[PDB]
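First the structure, in the form of structure tokens, and then the observations on it.
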Amino acid sequence: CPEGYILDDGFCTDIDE
């Protein structure tokens, strides 16, 4: 996953906060 994104539900979710 790219910067600002992480794997949660087997998918790169946006968590840029």
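Just so we're on the same page: first chain in the structure tokens is A, next is B, and so on; residues restart at 1 for each chain, and ligands are numbered from 1 in the order they show up.
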Once DSSP has gone over the backbone, tell me which residues of chain A are in strand (DSSP E or B), as a ChimeraX atom specification.
/A:5-7,12-14
Keeping only C-alpha atoms, write the selected residues as a compact mmCIF listing (two decimals), in the first residue's frame.
```txt
# COMPACT_ATOMS: atom_id res chain seq x y z
CA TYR A 5 -2.86 3.88 3.03
CA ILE A 6 -2.87 0.69 5.07
CA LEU A 7 -4.32 -2.79 4.79
CA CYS A 12 -5.64 -0.56 0.95
CA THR A 13 -7.76 1.88 2.92
CA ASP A 14 -7.13 5.61 3.10
```
